[PDB]
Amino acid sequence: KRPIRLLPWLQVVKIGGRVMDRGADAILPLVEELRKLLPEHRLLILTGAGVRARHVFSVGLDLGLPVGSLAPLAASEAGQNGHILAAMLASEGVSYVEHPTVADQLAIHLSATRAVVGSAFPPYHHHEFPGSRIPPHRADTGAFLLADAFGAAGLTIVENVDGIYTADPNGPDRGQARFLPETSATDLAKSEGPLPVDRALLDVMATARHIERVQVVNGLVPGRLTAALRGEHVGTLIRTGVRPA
């Protein structure tokens, strides 16, 4: 048998750092949508890092630092985004919770309140894998490891674009970029260009035990996160390759 599901009723939502980077104009509508979702779902909301991690990578790489030094430096920016988002939801009983608390006491915290916020980055830290000078296990990857370990009902990734395209849709080849309503982790992993998700996400999908699909949706369009949490198709669906029991 596959392992049991620890929190089968949990929904996990990962908020991209570059959504947060847009400031109040993006954050206030997202916060209003999350407020309306609190009575509908039991939510673990996990934030990515965004542009400040790129700045601390620029400094750290210029100082020569190894990938195990850059990883906790980026993670700190995901943490700050989480504190910012939780503060906006404080009046609804929502707070930021640290990784040890997420790993060991999430059940009592989601008994206490309807949602908590944490960092999407995983605690690989100075034990990050070598090979690339850029930390591979980032916010998408960490959120999926967690969601799948918990056997959660879903993981939805909230980005600043409609989903995955055949080319970067903000890039120099954007004219060639075709939208992908649906795809598989294995097809993606064979392609070579950039993506809006970590390449490590596709690897941890291949060893997944529970979560069969992950939807990537545009958090800048109000209503898409709400629809995705009900299973509606409003972005790119990624099939993990988990087959049912």
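All residue numbers are counted from 1 along the displayed sequence.
Original post:
8-16 versus 228-236: which one carries the higher mean Cα B factor per the record?
Top reply: For C-alpha atoms only, the mean B-factor is higher in 228-236.
Original post:
Between 171-179 and 119-127, which has the higher average C-alpha B-factor in the PDB entry?
Top reply: The stretch with the larger average C-alpha B-factor is 171-179.
**OP:** Tell me, please, which of 91, 101, 113, 76 has the highest C-alpha B factor according to the deposited entry?
**Re:** Highest C-alpha B-factor among the listed options: 101.
Subject >> 36, 190, 42, 55, ranked by C-alpha B-factor: the highest one >> reply: Each of 36, 190, 42, 55 was compared by C-alpha B-factor; the highest is 190.
**OP:** Can you work out whether the C-alpha temperature factor of residue 161 puts it in the lowest, middle or highest third of the chain?
**Re:** For residue 161, whose C-alpha B-factor we compare with every modelled residue in the chain, the answer is the highest third.
Original post:
Hey, what third does residue 69 fall into on Cα B-factor, ranked over its chain?
Top reply: Middle third by C-alpha B-factor.
**OP:** Pull the Cα B-factor of residue 141 out of the PDB entry and bin it into the chain's lowest, middle or highest third.
**Re:** It falls in the middle third of the chain.
Subject >> Third of the chain, ranked by Cα B-factor, where residue 184 sits >> reply: It falls in the top third of the chain.
**OP:** Select lowest, middle or highest to describe the third in which the CA B-factor of residue 29 falls within its chain in this entry.
**Re:** Middle third - that is where residue 29 ends up once the chain's C-alpha B-factors are sorted.
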